[PDB]
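Below sits a lone chain in C-alpha cells, taken as the form deposited in one PDB entry.
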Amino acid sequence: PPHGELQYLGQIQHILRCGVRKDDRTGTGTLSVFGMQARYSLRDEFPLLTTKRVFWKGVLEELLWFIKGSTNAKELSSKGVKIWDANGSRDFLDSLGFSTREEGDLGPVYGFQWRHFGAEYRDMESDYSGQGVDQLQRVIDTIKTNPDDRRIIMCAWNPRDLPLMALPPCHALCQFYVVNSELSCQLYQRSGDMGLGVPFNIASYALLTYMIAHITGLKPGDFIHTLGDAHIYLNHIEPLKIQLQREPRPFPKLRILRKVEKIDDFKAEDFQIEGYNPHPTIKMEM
C-alpha cells in the first residue's frame, strides 16, 4: 500500500501545475489553490515527513504549551522553540496597535481558546481558572462517555476575540470521530504554507490524536487534513522542487513511554520518535 507522504507531495505538484498567482501582505506572492484534502494513516506509524526534516521538538513543546492554555510566546521561546516569537515581538505588536501590551503576549489564541473559550481575555499572565468553556477536556470526556457522537469539536475561531490576536488562527477547528475503537481527527486549516507550516501542522494534530487516543484507551486511526487556501510562496518554489526529487523513506513510529491518566500530565520526556530518517533540511524562510 502506498506511502502517506505521497499525498502531501501530490498536493505540492498540484499547486505547481494548477496554482494561480495571488498576492499577500508581505508582497512576496504565492501560487495558490483553494480546497484540498489529504488522509494520513496513524495505524502503527506517525506522519512526520521524511522528504524534509520537520522540527519535532517544536511540534511537541508547542502542543504542550497549547495544552497548558498559554498564550505567552516567551514561555515557548524559553524552551528553544522560536516559532511564535516574531508575532510576539515589541515591533509586530506595535504594528497592530497593541502599544500597551507586554512582549510575548499573543492574545487570545489557541491555548486560551482551547481551555477558556468565550472568557474575557485580559493579559497572558492573568488567572482564568473556571472561566469559559474547556473544549479540550469536553472533547476527552465525550470520547470516553459517548464515542458515536458527531459533535466532538474543538474551535479556535472566535470572531469576538479576533481583533485582540497577534495572528488569527490557521487551524480554525478540528473534529474527532470514533469507530471500532479507533480515534480519528480532521483539521480545517483555513490557510496553509505548504513549505513551512503544513508539515509541522500535520505533525501537531497527529500528535494530539495520539495523546487523546492514549488517555481514552483507543487506537489511533486516520488524520484528515483539509485546507482552505493551500499555497506556496514564490521564493519557496525552488526549494520545493528539490524536495519533490526525493523518494520518501518510511514513516517513524511514536512510542509513549508511560501510562498518563489526564492530558495536563503529559511531559516532553514521555514521547519518543523511533526510526525517523529524514533527508537533509532545506531552509524555507518566512
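Residues that one form lacks are left out of the comparison. All residue numbers are counted from 1 along the displayed sequence. Definition used throughout: the rigid core is the maximal C-alpha set that superposes within 1.5 Å between two forms.
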| request: Determine, among the other compared PDB entries that model residues flanking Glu182, whether at least a third leave it unmodelled. | output: no
| said: Does at least a third of the other compared PDB entries (those resolving both flanking residues) leave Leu93 without coordinates? | reply: yes
| said: Can you tell me whether 8-16 has a higher mean C-alpha B factor than 273-281 in this record, or the other way round? | reply: 273-281
| remark: When mean C-alpha B-factors in the record are compared for 93-101 and 167-175, the larger belongs to 93-101
| said: If I read the C-alpha B-factors straight from the PDB entry, which of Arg150, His116, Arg190, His214 is highest? | reply: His214
| message | Maximum C-alpha temperature factor per the entry, among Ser129, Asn201, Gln186, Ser77, belongs to which one? | response | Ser129
| said: Among the modelled residues of this chain, does the Cα B factor of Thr26 put it in the lowest, middle or highest third? | reply: highest
| query | Looking at the C-alpha B-factor of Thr209, is it in the lowest, middle or highest third of its chain? | reply | lowest
| task | Just say lowest, middle or highest third for the CA B-factor of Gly35 relative to the other modelled residues in its chain. | result | lowest
| said: Splitting the chain's C-alpha B-factors into thirds, which one does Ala230 fall into? | reply: lowest
| message | Looking at the temperature factor on the CA atom of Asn146, which third of the chain's modelled residues does it land in? | response | middle
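There is another form of the same protein, the form deposited in another entry; it is not shown, and what comes next is about it.
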| note | After rigid core alignment between this form and the one not shown, the listed option with CA shift of 2 Å or more out of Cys174, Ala166, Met211, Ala203 is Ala166
| request: Would you tell me if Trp157 moves between this form and the one not shown by 2 Å or more at its C-alpha, with the rigid core held superposed? | output: yes
| said: Could you check, with the core superposed, whether the Cα atom of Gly27 shifts 2 Å or more between this form and the one not shown? | reply: yes
| said: Relative to what's shown here, the Cα pair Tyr110 and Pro159 differs by 3 Å or more in the other entry. Does it come closer or drift farther? | reply: closer
| note | Output row for the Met165-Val54 CA distance, |change| of 3 angstroms or more in the other entry, reads farther
| task | Go ahead and list the segments of at least 3 residues in a row whose C-alphas all shift 2 Å or more between this form and the one not shown, with the rigid core as the reference fit. | result | 24-27, 157-161, 164-171
